[PDB]
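Notes follow once the structure below has been shown.
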2 protein chains.
Amino acid sequence: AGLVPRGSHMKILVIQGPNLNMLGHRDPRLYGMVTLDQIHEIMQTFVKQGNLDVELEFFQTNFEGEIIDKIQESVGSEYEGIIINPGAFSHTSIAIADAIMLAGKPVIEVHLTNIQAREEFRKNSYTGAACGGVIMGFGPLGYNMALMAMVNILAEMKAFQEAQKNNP
Amino acid sequence: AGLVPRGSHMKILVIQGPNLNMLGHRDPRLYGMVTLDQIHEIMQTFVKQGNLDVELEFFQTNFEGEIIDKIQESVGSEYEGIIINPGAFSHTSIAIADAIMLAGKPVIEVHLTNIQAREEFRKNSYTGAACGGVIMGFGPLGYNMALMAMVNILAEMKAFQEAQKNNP
Ligand SMILES: O=c1c2ccccc2oc2ccc(S(=O)(=O)N=c3[nH]nn[nH]3)cc12
Ligand SMILES: O=c1c2ccccc2oc2ccc(S(=O)(=O)N=c3[nH]nn[nH]3)cc12
């Protein structure tokens with residue numbers, strides 16, 4: 001008793017789906033040539049500026065199967081929550097949505113654009129329905145909003161579980 | 001020149017739509033009896049904790065027309081941005097969506113629940129499509145996320161407009 005110091009390395013996995021790696025090379029003039037690496041740096045700076053004890057891991061892929069593999073690799077292993085932008089797969093991938101459903105951890109969906117405001121085929125998100133919450137239309141800023149939420153959620157889950165939940 | 005001290009009273013209007021006033025009296029056991037007034041207090045505390053120079057005004061109504069009147073009253077007058085939860089009107093009110101479209105200021109939509117994860121009739125948001133961005137499924141926390149975003153947006157709009165934009 002009293003032998004386990006606190007508190008948190010929170011470990012959050014950020015999964016980016018198809019085409020996002022081309023940000024700032026084709027577009028966005030919409031955010032003035034911000035790149036995907038730059039969004040990731042922005043998230044790291046958010047952590048630093050808040051003096052938060054958070055470890056971020058970043059992963060981008062154009063493959064549905066690589067997204068599912070990555071979600072599965074997190075289930076047994078260390079990552080406490082996932083921030084995901086499945087991009088265009090959000091509207092079609094029942095398989096990714098099911099993988100999220102049974103990930104056993106909080107998952108937050110982010111989109112750069114307001115997918116509710118575009119073509120009819122972009123309005124549906126199977127994956128969004130599986131996630132706890134969805135953020136859309138804030139550009140890179142949306143990712144910092146997702147991080148703010150995830151830190152709150154993971155900090156409160158600990159409080160409950162331990163100290164309270166249990167003092168072995 | 002140099003005769004106008006800076007910087008910000010940001011004035012943000014928070015508009016809550018139908019049934020939300022009954023939070024914590026019928027539900028949410030979903031958030032343990034949090035009331036609508038309590039959400040508003042949470043937002044005020046967010047401002048205080050960040051030492052932000054932000055003024056919040058709160059308004060709840062069960063009337064579509066009162067929401068439109070309130071949006072209009074902001075156009076000519078002082079409020080720099082709107083955070084809105086139109087609730088069940090989101091799925092049906094073209095009129096509120098049009099009022100948002102021409103509000104001439106940033107408008108962010110928030111829902112407590114993940115409306116993408118419920119009945120088919122709740123998935124559509126006319127109002128969400130009109131807003132710059134949408135946040136759903138974070139409970140009260142979503143409102144603090146909306147505030148974080150709005151402060152960023154309004155701070156950057158000033159930088160541009162003034163100093164840069166213009167030094168009369
Ligand atoms: O805006 C972009 C974008 C711009 C330049 C080059 C590549 C790009 O890839 C993207 C991928 C996803 C998104 S997204 O707005 O984050 N998600 C979407 N879901 N369905 N459609 N969009 C925006 C984008
Ligand atoms: O969860 C509630 C709620 C619980 C107890 C009593 C009244 C309530 O009113 C609400 C009003 C709106 C929402 S809402 O999830 O923020 N927005 C919705 N749009 N369409 N359906 N829901 C949740 C709610």
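In the text below, chain A, chain B and the rest are named by the order of the sequence lines, each starting its count at 1. In each ligand, atom 1 is the first atom listed, and ligand 1 is the first ligand listed.
Nearest heavy-atom pair, B:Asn85 versus B:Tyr143, reported as atom, atom and distance to 0.1 Å: ND2-OH, 3.0 Å. The two residues A:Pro106 and A:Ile153 come nearest to each other via the heavy atoms CG-CG2, 3.9 Å.
Looking at ligand 2, you'll find an N or O of B:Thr113 within less than 3.5 Å of one of its N or O atoms. Residue-to-ligand polar distances keep A:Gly24 apart from ligand 1: every N/O pair is separated by 3.5 Å or more. The N/O atoms of B:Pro18, backbone and side chain alike, include none that comes under 3.5 Å of an N/O atom in ligand 2. Ligand 2 has no N or O atom lying under 3.5 Å from any N or O atom of B:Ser90, backbone or side chain.
The atoms of ligand 1 that sit less than 4.0 Å from any heavy atom of A:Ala88 are 19 (N), 20 (N). Shown in contact with A:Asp27 at under 4.0 Å from a heavy atom are these atoms of ligand 1, numbered in order with element: 4 (C), 5 (C). In the vicinity of A:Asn85, heavy-atom distances shorter than 4.0 Å reach the ligand 1 atoms 16 (O), 17 (N). Shown in contact with A:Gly87 at under 4.0 Å from a heavy atom are these atoms of ligand 1, numbered in order with element: 17 (N), 18 (C), 19 (N), 20 (N). Against a heavy-atom cut-off of under 4.0 Å, B:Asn19 is close to the following atoms of ligand 2: 7 (C), 8 (C), 9 (O).
With salt bridges taken as basic N to acidic carboxylate O contacts below 4.0 Å, none links B:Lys11 and B:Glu78.
Listed by chain and number, the residues in a ring pair (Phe, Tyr, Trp, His ring centres under 6.0 Å) with B:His91 amount to none (sequence neighbours excluded).
Among B:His25, B:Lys123, B:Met136, B:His111, the residue whose heavy atom sits closest to atom 18 (C) of ligand 2 is B:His111. Residue B:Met22 holds the heavy atom nearest to atom 6 (C) of ligand 2 of all those in B:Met22, B:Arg118, B:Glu119, B:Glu109.
If you take CZ on A:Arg118 and NZ on A:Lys123, they are separated by 10.5 Å, rounding to the nearest 0.5 Å.
Applying the salt bridge (charged side-chain N to carboxylate O under 4.0 Å, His left out) test to pairs two or more places apart or on separate chains, those with a residue in residues 67-77 of chain B are B:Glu57-B:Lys70, B:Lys70-B:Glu73.
Distances from ligand 2 to the non-hydrogen atoms of B:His91 include at least one value under 4.0 Å.
Side-chain contact between A:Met10 and A:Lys158: present, with at least one pair of heavy atoms (C-beta onward) separated by less than 4.5 Å.
Atom CZ of B:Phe89 sits in a crowded spot, with more than 12 heavy atoms from other residues, nucleotides or ligands closer than 6.0 Å.
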